[PDB]
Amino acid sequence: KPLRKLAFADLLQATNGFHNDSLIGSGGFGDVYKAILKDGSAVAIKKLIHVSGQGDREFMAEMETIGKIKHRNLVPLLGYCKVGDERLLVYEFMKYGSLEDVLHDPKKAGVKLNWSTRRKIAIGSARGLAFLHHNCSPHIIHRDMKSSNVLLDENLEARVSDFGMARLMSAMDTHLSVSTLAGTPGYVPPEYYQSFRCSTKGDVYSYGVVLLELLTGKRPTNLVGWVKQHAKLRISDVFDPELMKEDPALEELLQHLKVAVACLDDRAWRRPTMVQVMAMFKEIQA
């Protein structure tokens, strides 16, 4: 399944002339439309914002990373469209949307995630980042891991998305020097404020915040310090009440909470690698 160059007229009519009825998201990153291609493919179409230089870097950032690799836990980039000042990217449609929308449900309605589901989402998210960190040469730093960049497919499996800020780092390097402090408040590693440098350890910190969301159910914007300050008190009160209402037996949660704590370490050298995170999830299964 190669990457398709899609004609602009196809995307024009598939979105009903970029009509608002199919628009499922705009602003911040780009306009996103739910569409059915003329072959019947159910897709998401990202109409890139600010193509003049800023969006063309994000365009190639995805083309260079998610457009060159395929993995069961990464959002599939199916196509692209380059026409003058118009950049478009086309993904396989994820049925249930982003993890953030499900945790903070619209008007408290939709799909509910039990712990058996959230654990599978945490494992799947971890496997996608480990693939970027370990299996990819050059390595890929997502630089913007968060709950809204975890997409849930038809089977509620996690697929990491939004590689618009991703950067390629050589395996011979420990860090990559950038020019802008990318990332979302609530997920930025504390050492990112110190230098214009990102790393895989930075993605691990941001993952730990996501694993906290699957455990606590709260918004990061904070959440990291609140769990650490309550970790010295009653750790039985930091988890999601719905997870405790299911069965007080899996309070397994602290074993995963140790993983989230280890990821959220202020020292990038003490954080585990995502390969270690996966092996820690494998030891809890046994």
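Rigid core: the largest C-alpha set superposing within 1.5 Å between the two forms. Position 1 is the first residue in the sequence shown; the rest follow in order.
With each structure aligned by its rigid core, the stretch whose Cα atoms sit farther from this model in 4 other deposited structures of this protein, between 124-132 and 173-181, is 173-181. Taking the rigid core as the alignment reference, the C-alpha atoms of 23-31 lie farther on average from the displayed form in 4 other deposited structures of this protein than those of the other stretch among 23-31 and 254-262. Compared with the other entries of this protein, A109 is frequently left unbuilt, missing from a third or more of those that build its neighbours. The deposited sequence places 1 to 3 unmodelled residues between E251 and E252. The segment from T221 to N222 is interrupted, since 4 to 9 residues of the deposited sequence in that interval carry no coordinates. Look at the mean CA B-factor for 266-274 and for 19-27 in the entry; the higher one is 19-27. The deposited model assigns a higher average Cα B-factor to 96-104 than to the other stretch when 96-104 and 120-128 are compared.
For the set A61, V43, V238, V259, the maximum C-alpha B-factor listed in the entry falls on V238. When the C-alpha B-factors of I36, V32, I49, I69 are read from the PDB record, the largest value belongs to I49. Among all modelled residues in its chain, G208 ranks in the lowest third by Cα B-factor. Among the modelled residues of its chain, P185 has a C-alpha B-factor that falls in the middle third, as given in the PDB entry. For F163, the recorded CA temperature factor ranks within the lowest third of the chain's modelled residues. In the deposited entry, the Cα temperature factor of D153 sits in the middle third of values across the chain's modelled residues.
In the PDB entry, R143 places in the lowest third of its chain by CA B-factor.
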